[PDB]
């Protein structure tokens, strides 16, 4: 696609974050990537090691809509502290596998407590969304928000 509705540019891309309801109302035709402040309402699938990478599905909300998402392997590896290959190597060593089990629990807690900026790629053709990055809110975000509200 070689055109964009210019009247939605701020709606999709204004810092510090935008809204899922607004994205969906725009009826995107191509893969669209936005940043939202969101938390996980519930996990919707098991943590999988299929393909030699971590995956999990969850339903998130930004206060305006629900969205079912996948998380990139790198996020899950960072939260657990083990990649899939590392987990598989650890299994024969009780002390190493124990570190993995501790990481699993850490990941579980981290996903329960998650409330941050999520960069999300939404593919309207496949009705799929993938979380590409997570970022903690910071004072620049606060100032961005104040500026947007002219405060």
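Numbering follows the first chain given and starts at 1.
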Practice task
Select between 59-67 and 118-126 the stretch whose C-alpha atoms have the higher average B-factor in the entry.
Solution key: 118-126
Practice task
Look up the CA B-factors in the entry and say which stretch, 22-30 or 108-116, has the higher mean.
Solution key: 22-30
Exercise for the section: Would you please rank residue 10 by its C-alpha temperature factor against the other modelled residues of its chain and give the third it falls in: lowest, middle or highest? Expected result: middle
Problem - residue 79, C-alpha B-factor rank within chain (lowest, middle or highest third) - result: middle
Exercise for the section: Would you mind ranking residue 95 by its C-alpha B-factor against the rest of the chain and naming the third, lowest, middle or highest? Expected result: highest
